[PDB]
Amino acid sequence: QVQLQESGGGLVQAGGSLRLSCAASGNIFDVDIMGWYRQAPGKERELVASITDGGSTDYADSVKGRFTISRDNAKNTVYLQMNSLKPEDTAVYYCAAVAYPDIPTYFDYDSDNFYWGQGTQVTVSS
C-alpha cells in the first residue's frame, strides 16, 4: 500500500492563498505521476492539476492562472499553491498518485496503480 498524507486545508478568507502539501509514504520506489482532485459538495470529482516526475504540469480550465503545482523528487511531495482562493474553490481536495512495483508489469487488478489520500477540507469564506 502507498499512503498519501495531506495537510494545509482549512477555513481561509476569499482572495487570499493556501498551499497544500502531499507526501507519499510506504513507497520503496519513486512515484510516477502525482496530482490533485477536489470534490465540491453535491458535485462529482474534478481534476485540479497534475505534474509528471520530469516536471510537465497540466492544469484545468477551472484554476488556470491562480493555481500552480510543483513537486520535490527528493521528498516525493507535491505542492498545490492555491492563490486567489474564491468561494467556488471550497471543496474536499484529494491527493492522487501513480506508483508502480519493483519490476512493474503495467497490469494491476487490485489498485490499478492509482492511490488516493484521505483528503483535506478547504473552506473559503467571503
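Start at 1 with the first residue shown and count on from there.
Higher average CA B factor: 39-47, of the stretches 91-99 and 39-47.
Remark: stretch with higher mean C-alpha B factor among 9-17 and 100-108 is 9-17. Per the deposited record, the Cα B-factor of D32 falls in the lowest third when ranked against the other modelled residues of its chain. Sorting the modelled residues of the chain by their CA temperature factor places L85 in the highest third. For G55, the recorded CA temperature factor ranks within the lowest third of the chain's modelled residues. In this PDB entry, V78 carries a Cα temperature factor that places it within the middle third of its chain's modelled residues.
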